[PDB]
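Can you read through this structure? Questions will come right after.
A, B, C, D, E and F label the chains in the order they appear, each numbered from 1.
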Amino acid sequence: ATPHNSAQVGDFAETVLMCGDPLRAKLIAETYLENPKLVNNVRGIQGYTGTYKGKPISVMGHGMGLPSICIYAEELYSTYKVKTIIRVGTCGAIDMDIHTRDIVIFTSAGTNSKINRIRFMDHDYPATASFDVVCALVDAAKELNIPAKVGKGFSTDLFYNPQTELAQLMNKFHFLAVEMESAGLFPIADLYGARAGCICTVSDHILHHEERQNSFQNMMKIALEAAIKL
Amino acid sequence: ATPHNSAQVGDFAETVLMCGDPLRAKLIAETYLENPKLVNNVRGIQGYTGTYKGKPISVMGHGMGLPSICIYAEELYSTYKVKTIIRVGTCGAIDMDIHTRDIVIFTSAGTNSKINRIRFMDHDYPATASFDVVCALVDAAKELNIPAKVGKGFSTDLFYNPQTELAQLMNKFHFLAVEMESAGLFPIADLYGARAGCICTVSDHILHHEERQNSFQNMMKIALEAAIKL
Amino acid sequence: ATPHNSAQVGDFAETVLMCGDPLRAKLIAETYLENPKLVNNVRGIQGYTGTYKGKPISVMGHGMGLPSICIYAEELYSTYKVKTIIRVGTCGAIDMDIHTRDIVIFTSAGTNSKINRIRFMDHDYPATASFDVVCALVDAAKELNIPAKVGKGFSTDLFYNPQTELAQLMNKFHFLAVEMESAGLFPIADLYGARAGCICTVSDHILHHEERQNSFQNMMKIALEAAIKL
Amino acid sequence: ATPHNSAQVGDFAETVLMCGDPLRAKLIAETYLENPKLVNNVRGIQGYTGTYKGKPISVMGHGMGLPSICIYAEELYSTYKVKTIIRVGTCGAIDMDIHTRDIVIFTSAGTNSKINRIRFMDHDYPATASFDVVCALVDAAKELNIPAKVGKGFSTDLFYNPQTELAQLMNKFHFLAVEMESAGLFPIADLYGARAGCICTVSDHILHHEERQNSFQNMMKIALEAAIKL
Amino acid sequence: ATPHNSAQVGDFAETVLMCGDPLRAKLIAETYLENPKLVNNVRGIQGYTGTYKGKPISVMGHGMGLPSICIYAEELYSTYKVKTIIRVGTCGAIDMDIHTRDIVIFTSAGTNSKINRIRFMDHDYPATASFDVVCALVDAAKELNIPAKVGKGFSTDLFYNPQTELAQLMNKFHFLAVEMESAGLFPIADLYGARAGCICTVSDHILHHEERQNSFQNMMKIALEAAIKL
Amino acid sequence: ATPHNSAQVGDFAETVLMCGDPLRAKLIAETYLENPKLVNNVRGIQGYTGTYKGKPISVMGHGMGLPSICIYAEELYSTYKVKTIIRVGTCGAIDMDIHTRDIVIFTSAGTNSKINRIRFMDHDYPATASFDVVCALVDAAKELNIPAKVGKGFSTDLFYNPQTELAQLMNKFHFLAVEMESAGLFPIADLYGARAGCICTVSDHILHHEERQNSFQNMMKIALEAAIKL
């Protein structure tokens, strides 16, 4: 159907959970979904569709970086009529009060990428998570009573950032964590009148290096229950 | 105490409602606050402090534009130890599905200003409303059962914008409304580890010109009840 | 007539003196104008029209920051057919040879705002004071024999500037003082084939903190006599 | 050893061929390398190391987009002491005289990404392929007598580009093709005093949609023979 | 003494008239200066020093474009202790009310160059002519009673400008004429606490193609008399 | 024929060698060309046309800076139907391993100018030397067996650069040398479907100050022999 997806309209659920690691997407499908069926493996992206508590749900990799997820998210909303995309995964803590293993729900994401400026006449576009998705994630977190921090994220184009001062600047403004996709995903959902959100588990702290399964499994519970709520 | 405020630490409540029109700030104090006392009138900004349901609350003008509100908000958080600032007022609808008299609660605000780029190493800072404030405003709206749209706002530096295409672009990305302060307020609250939010009543639609009191009074109810919740 | 002005065409003189502080605009009207009449008080902006030496002249506030004065100046030139706008007020000295109480006449104004780039295809627009207005101000200064420094000003979007190095950089390039409106006013006057100028009294020095009435009154004399000359 | 590579120093040859599709990297290893051994599969990136004509050579995926390849290339040069990275793969033709199935060797690559500006003080960095690698690729092409076009490439951050006019602009300046990694790879090689190059087979034309194996196999021959020459 | 000047401190007068055409600088020296002596001809720049009405004055070419004049002007102020540089020459009319053969005195100059942003922390630097020089030029014009237009100029980096819309935009903002050096010269004079100005004769109109000696000679009279006044 | 060239179509050879110093262009014509005839001296640019080994070849100055060479190169390709332009001259070494008197052949050139961003929708244009010209220059160097370094150059708009850190940054990325024209020339050649290249002799090192004829003559040999090859 698309240059990066062999599936056809209908193969994907209206709600898709995405993570960077394709092998993680596979593990998520085998571990949390019932009757998971591989609907797309172009570039070994591991796109699966199954059910959770009887409801259709898909999980698929999205690569690393804004350019990668922008391709996948746009095709999903446009061609496969997906309605909600929830990014699930890991991130690097920024704020000094955020620690490894913490779970973070993004209200929005800043970025050092030029993509949003290109689509927004060189102005400041606020890459904002869909309010419904933020609410569903927070409520799921409250209902499951799992501690989660809600706040700004940052999507960097440079995992290895030459601008060593940025990290401290972001800590001063209290950015919670860094990843590489949210800032790109959110504006695309808006353009298609669809929804997007992001929830991550801190795998490390960038201002000082500091069980990882429990945190990851708790995050998956929140994302999954939230997907049902939506 | 400051170049723009004659009051001293303690004269302002920890929660301050702000609007552009100083005469509106005065009207709000006389109409909704009990025992309102003028605590600052430098530049006729009309800064009052009184109580609502027994709790201390201040209301004050903030001028028009990001540069103006940045001055007031920074002094309030820094010098007067204010904790929460809620911008209340009017805005221009962008989205075709948003209409005059509608009430909008900002999750965040985009901007064509350079202020956030200056404070954020020329990168994209997501001017995001404090999640607690967004929640308090939405809950107040739900409890009072007043219909309100939640979504992105846009703070323009140019009321009379030469870039006539921007309006349609924003409608495509579903920006809800335009005002001139939010994008500046939000990042300042973050820097001071404080809180900020914005709620407005659409006074007109910018893509087509289309009782105004009821809407304004309903908005004031939401802001006020939210202030108590916080 | 406009969203920020209740007056109608003809209520404003062709020459308008503007300052940020609305209460100062009121004081100027009562102190220097004869038969001053309030022609606009939307947002308590204090717009007055009277006469000086028999000639019609208006005085009105313009708020703080480029976005604010851009609104007022554009409406005045466009709707009220005003021909000349002279910004009168205070500023912060930059240059080491400029001192508090000094009077400065701007030849032009630099800025860290994005407004001029937006209206000038992202190029460098030289926010220049109208040569006629600069001349009228200097001649008035010479005729009244009041010492005044003529040179570049800087209109900042950030009263509290995070870029602490800018101040010293501007001192090296000999910027005379900082305010928050000129860079916005000048290009608007050009667009409407009208005129604009700026004259200020240094209320403080930003590189080192260092009677204020005499200086302010002397500045008002220059502006007023210049207004007559024009 | 690294967050994206489980291999240790020595597992990778000093020359690494990279492509976006991990499944293609696997196919290349099984088809052209002798005794190929999987040295890294973190994120299913398919990193293999074997020999070609007796010389050690590695092949591995690099994901889509500059942020992705920047991670992989920097770790390879820095941690695994790789000396030469040759990007092999597909691209979209831009120039009207370039056609589907054509083989293109990049002298350099332009981009709409902000990465190079971030690492080069906001100036214009010329993402240039290592001259040795360009020469090796061209000579291999000449020796194998396989027609190949040499010229500028373009690495876009947006596969689905909102700026529809860019394509025609690039055709006027004669950019040969578009991909999503070269502009990022080249500057990284320079920083590490290492080498990088790119060769692609046009899978389609972006200005008009227009056997694919022969072209791909011919490209692989050039890259492989060039790798030996280096 | 410098890479572009073989003269030594003292060979140049404190006032230097500069034009792009080296052959014009030579003609000016032979035609208006008494006892003109060649003090520098590196790169055939034709730097002369003589006297006008008994006062020392130099004339020299400066090449075309901001980068060229920046080299010459900086060396002159820094090494040769020159105090005033007056650019004399030709320009292209922009404004519809400006015509070929008209004489224009620049109050300032806009530009599409990046030089001023590089020296001014990426902000808007107002390339302003020294007020003393503008005054001297205008007074000379008034005393000689030669009609001259005073206003903004524009220094383009592109004689052949791809942005065909810029011309009309500048006409709307009433830029008087275009040349290629002023925007660079003015900020350099400021940095060295020196002076600079520009006066040109329109050789053609860029919005519509439309004796040339009289205009040029009249301009030279103004510049020369102004040089004496300074 | 053009505002900067009095010659007519046919007066210039299809191959033109250009240098900044007009007196050097004259010396090159008298020293290496047979029957050199002055075909253009507007602005004393010294444009000559003669023959080398029987083939028509022109040499002419181009001034200093991108704006200057852009004028000359565009007129030459457009009006005089020139096919190949080779910039010959001097440059300042950047890389620590490059020394004074070394000969450098540019594969491409970076820049701090805004010209390429203006012509390339504000994106990163890779100012690349024509591959044919790079090859001809390298082969000539190999055939004459003259040691020459091939790599990136940098065209600065500021000979006297305020950004003192740039030099070290460029050394880290291994830029070979700095000049002031290449970045402008290369994109123009592309637009006209023509060719351009650059070869220079290091006259000094910018990171530490460190016979000059031999190097210059060797460079001229390479350029000349290359011109014949093309």
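The working rule: a contact is a pair of C-beta atoms (placed from the backbone, for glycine too) under 8 Å apart; a residue touches a chain by one contact, two chains touch by 3 or more.
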Distance-maximising chain from subunit D - centres being C-alpha averages: C
Taking each chain's centre as the mean of its CA atoms, how far is subunit A from subunit D in angstrom? 28
At what distance in angstrom does the C-alpha mean of subunit F lie from that of subunit B? 57
Chain centre separation in whole Å, for subunit D relative to subunit B (CA means): 50
Among the residues of subunit E, which are close enough to touch at least two other chains? 112-113, 122, 163
Which order do the chains take around the ring when read from subunit E towards subunit F? E, F, D, A, B, C
Taking the touch rule as given, give the residues of subunit A at its contact with subunit B in the complex, in rising order. 107-113, 116-117, 120-121, 123-128, 131, 134, 150-152, 163, 165-166, 169, 172-174, 183, 187, 190-191, 193
Considering the complex alone, what residue numbers of subunit E touch subunit F? 20-23, 41, 43-44, 46, 63-68, 70-71, 74, 112-115, 118-119, 156-160, 162-163, 180
